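Chemist: Right, I'll just put the structure down here and ask away after.
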Number of protein chains: 2
Amino acid sequence: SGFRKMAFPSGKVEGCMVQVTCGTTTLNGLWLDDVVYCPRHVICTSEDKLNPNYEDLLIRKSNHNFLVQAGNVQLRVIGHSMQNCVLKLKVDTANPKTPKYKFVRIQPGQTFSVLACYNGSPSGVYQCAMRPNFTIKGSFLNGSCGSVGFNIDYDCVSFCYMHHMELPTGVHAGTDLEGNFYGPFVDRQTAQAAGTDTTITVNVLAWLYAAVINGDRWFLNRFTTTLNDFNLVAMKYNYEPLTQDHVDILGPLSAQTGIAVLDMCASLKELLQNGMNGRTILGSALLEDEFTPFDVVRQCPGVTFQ
Amino acid sequence: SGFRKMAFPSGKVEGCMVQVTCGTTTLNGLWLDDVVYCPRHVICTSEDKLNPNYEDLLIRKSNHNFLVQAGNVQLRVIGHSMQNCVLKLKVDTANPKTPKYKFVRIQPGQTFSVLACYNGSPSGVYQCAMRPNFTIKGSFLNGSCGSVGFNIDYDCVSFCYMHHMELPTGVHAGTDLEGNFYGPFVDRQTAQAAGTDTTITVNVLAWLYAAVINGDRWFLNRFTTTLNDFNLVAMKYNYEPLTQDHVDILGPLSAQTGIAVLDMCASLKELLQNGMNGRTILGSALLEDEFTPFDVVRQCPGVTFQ
């Protein structure tokens, strides 16, 4: 019983975190086999960030200009390259603790675990969701760039996020492990503002299903609605449109509770129109949208197959 | 920037989780040096739990009656003993991944990270607070008994909780690593109900300070109160009494915000009597009490020493 925001165990990722220093700037890198991945803006001075030419700065740098330290051992850089916004430093030593890994690009609305690190040392782990405006609301202090977001798919650690930037609103922006930013953000000091955000509708419904599984049933009603007329209310309250694919994803939760997805939509409609009536749902007085349907299944297994 | 519920990296604890099997019952154990710690109720059948005499059941058990598995490797048990409510199985082999560790007994209101495990394999990590009624609001499924709570204070893992049981209200109860239950709970099927809970006042204030640091200022007022007049309202809404020790602990946050602790108490006073009027504080519509002042300082460091 119980439902909590839960991150994946970070051990396999901790064994890959290193410290990368170029000039006066120090951040975190991801050491997989004989390659260290880190944000390319480490090669920039404070003045370079105003208008950096990364192709020029990369040529000007030498292998010895990059100091990579895995804890107490210094790793010798023997090659440096750039894939989009990520710097790739080939090192002398292959990481003996490299896990089975993949590079994946997640979609807005999906969640992952963030291992916040400083000086190449992990500091904390928490779950984050890619918002529709392609930002994440994490907790980062100075020296956190290079921290990675990941999911564990049983035996494979799928890295999906590398932390690059903090926006003026306090939210955070970064790239996938191929150097491609999530959203329209660039790794330079220019006027970039996160777009207006929306609520992840399919995540709210899955979160309501988790409540029903854990005994919270006051918000349930006898009403049913159609996908079209629910999406009308959803747009009226800045909710993402609900698609048939989203309904299919919610299939398992609807199967174990016996509550049709459109019946939960009728309950969600009334909650949006009349509020929460001063009550709470899974320890929240707001509708939570940072739990994916799989995230719910992870903590709410059915009784169908025990 | 940002403020999130953040757990410690679980790697050092992941390397200590093992599987302990007695008869048909399988749960998790903590492998430190040559001793495996697990809940003693693993030696009970389903009928035994109704009225177990653990001293007798231990006599009937042999070393070979306990099957301990460190992942895929079977550990040879060479001794079984009982320290209060925890079973201690001495094994032939010392765990090479044992970190610098201590056993500590935490206070109500203090927080720790829970590494939820199943069949000796870590599944997730999240932050929990010891409630005043000596329960925790975690997320546990079948086979989670033996999961441990911990804090890391620079290379040292302080174990403070082992999960034993779920109460009828859905909350969870367990012991320290010396086998002493938190609260008046016993490892037997009896009429045991968690007492009525109260809100951790010093944690709410620290959380309100974190909100001010992160830009939330609407709940602030020019009102002032005394510790006596605040505690009258606190008891009136089932809040823990605020002591002078609690006020001193909040000293750094009050200095960093320029808000006197008793002025924040006045803000909490008005928030308790009339609510938040449809606004939010750090993305919550409730007053959060699972963040200790140290947890806030950890995520909101001052500029005094840069």
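How things are named: the first chain in the structure tokens is A, the next is B, and so on; residues count from 1 in each chain; ligands count from 1 in the order shown.
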Using only C-alpha atoms, which chain A residues lie at most 6 Å away from chain B, written as number ranges by chain?
Modeler: A: 1-4, 6-11, 124-126, 138-140, 170, 285
Chemist: Print the selection's residues with C-alpha atoms to a file, as a compact mmCIF listing (two decimals), in the first residue's frame.
Modeler:
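Below you can see part_25.txt, which holds the result:
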# COMPACT_ATOMS: atom_id res chain seq x y z
CA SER A 1 0.00 0.00 0.00
CA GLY A 2 0.95 3.66 -0.36
CA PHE A 3 1.85 5.79 -3.37
CA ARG A 4 4.94 8.01 -3.51
CA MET A 6 9.73 7.27 -6.53
CA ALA A 7 12.99 7.43 -8.46
CA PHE A 8 14.96 4.49 -9.79
CA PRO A 9 17.93 3.22 -7.76
CA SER A 10 20.87 5.38 -8.81
CA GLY A 11 23.73 2.96 -8.11
CA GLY A 124 20.49 13.50 -4.52
CA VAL A 125 17.99 11.62 -6.65
CA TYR A 126 14.44 12.63 -7.55
CA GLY A 138 14.13 20.16 -10.75
CA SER A 139 16.39 21.20 -7.89
CA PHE A 140 19.88 22.24 -9.00
CA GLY A 170 13.80 28.89 -12.23
CA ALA A 285 -4.98 19.02 -2.62
Chemist: Using only C-alpha atoms, which residues sit within 7 Å of stretch 38-53 of chain B once same-chain residues fewer than 6 positions away are excluded, as a list in words?
Modeler: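 Returned residues: residues 22, 25, 28, 29, 30, 85, 86, 87, 88, 146, 164, 187, 188 and 189 of chain B.
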Chemist: Any chance you can output those residues with N, CA, C and O atoms as a short mmCIF file (atom, residue, chain, number, x, y, z; two decimals), in the first residue's frame?
Modeler:
data_model
loop_
_atom_site.label_atom_id
_atom_site.label_comp_id
_atom_site.auth_asym_id
_atom_site.auth_seq_id
_atom_site.Cartn_x
_atom_site.Cartn_y
_atom_site.Cartn_z
N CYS B 22 13.03 -18.07 4.46
CA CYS B 22 12.82 -19.04 5.53
C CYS B 22 11.51 -19.76 5.24
O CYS B 22 10.43 -19.16 5.32
N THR B 25 8.54 -18.05 3.13
CA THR B 25 8.56 -16.60 3.24
C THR B 25 9.89 -16.06 2.73
O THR B 25 10.96 -16.54 3.11
N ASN B 28 13.68 -9.13 2.41
CA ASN B 28 14.97 -8.50 2.14
C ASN B 28 15.82 -8.44 3.40
O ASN B 28 15.31 -8.31 4.52
N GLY B 29 17.14 -8.53 3.21
CA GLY B 29 18.07 -8.41 4.30
C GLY B 29 19.15 -7.39 3.99
O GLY B 29 19.41 -7.05 2.84
N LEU B 30 19.79 -6.91 5.06
CA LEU B 30 20.86 -5.93 4.98
C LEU B 30 22.18 -6.63 5.29
O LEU B 30 22.38 -7.10 6.42
N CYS B 85 13.72 -7.22 17.76
CA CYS B 85 12.82 -7.63 16.69
C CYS B 85 13.51 -7.87 15.35
O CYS B 85 12.83 -8.06 14.34
N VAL B 86 14.84 -7.85 15.30
CA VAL B 86 15.58 -8.10 14.07
C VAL B 86 16.37 -9.39 14.21
O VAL B 86 16.94 -9.68 15.27
N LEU B 87 16.38 -10.18 13.14
CA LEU B 87 17.17 -11.39 13.07
C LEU B 87 18.55 -11.07 12.50
O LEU B 87 18.68 -10.32 11.53
N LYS B 88 19.58 -11.65 13.12
CA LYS B 88 20.97 -11.43 12.71
C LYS B 88 21.56 -12.77 12.31
O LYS B 88 21.76 -13.65 13.16
N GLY B 146 11.98 -5.72 5.28
CA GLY B 146 13.43 -5.71 5.28
C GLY B 146 14.05 -4.53 4.57
O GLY B 146 15.26 -4.30 4.73
N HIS B 164 8.91 -3.38 8.71
CA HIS B 164 8.42 -4.62 9.29
C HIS B 164 6.97 -4.92 8.94
O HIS B 164 6.63 -6.07 8.66
N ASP B 187 5.65 -7.01 16.52
CA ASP B 187 5.66 -7.85 15.32
C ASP B 187 4.78 -9.08 15.53
O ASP B 187 5.22 -10.23 15.48
N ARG B 188 3.50 -8.80 15.76
CA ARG B 188 2.49 -9.84 15.93
C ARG B 188 1.14 -9.28 15.52
O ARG B 188 0.89 -8.07 15.62
N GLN B 189 0.25 -10.17 15.06
CA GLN B 189 -1.09 -9.77 14.68
C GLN B 189 -1.92 -9.44 15.91
O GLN B 189 -2.53 -10.33 16.51
#
Chemist: How would you write, as a ChimeraX atom specification, the set of residues in stretch 111-232 of chain B that DSSP gives as alpha helix (DSSP H)?
Modeler: /B:201-213,227-232
Chemist: Save the residues we just selected, C-alpha atoms, as a compact mmCIF listing (two decimals), in the first residue's frame?
Modeler:
# COMPACT_ATOMS: atom_id res chain seq x y z
CA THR B 201 5.40 22.50 12.98
CA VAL B 202 9.13 23.21 12.61
CA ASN B 203 9.11 21.43 9.23
CA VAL B 204 6.21 23.55 7.93
CA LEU B 205 8.04 26.76 8.89
CA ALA B 206 11.24 25.56 7.20
CA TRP B 207 9.16 24.70 4.14
CA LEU B 208 7.61 28.19 4.23
CA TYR B 209 11.12 29.65 4.31
CA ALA B 210 12.04 27.59 1.25
CA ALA B 211 8.98 29.06 -0.49
CA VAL B 212 10.09 32.63 0.26
CA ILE B 213 13.59 31.81 -1.03
CA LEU B 227 5.45 31.80 20.82
CA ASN B 228 2.65 31.36 23.36
CA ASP B 229 -0.09 32.83 21.17
CA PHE B 230 1.09 30.82 18.15
CA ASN B 231 1.15 27.52 20.06
CA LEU B 232 -2.46 28.11 21.14
Chemist: Counting only C-alpha atoms, which of B:20, B:160, B:136, B:106 gets nearest to residue B:76?
Modeler: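 With only C-alpha atoms as the atom set, the closest residue is B:20.
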Chemist: According to DSSP computed on the backbone, where in stretch 96-273 of chain B is there strand (DSSP E or B)? Give the residues as an NGL selection string.
Modeler: :B and (101-103 or 111-118 or 121-129 or 136 or 148-152 or 157-166 or 172-175 or 181 or 199 or 239)
Chemist: So, with only C-alpha atoms as the atoms that count, which of B:224, B:256, B:267, B:180 lies closest to residue B:84?
Modeler: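 The answer is B:180, which sits nearest to residue B:84.
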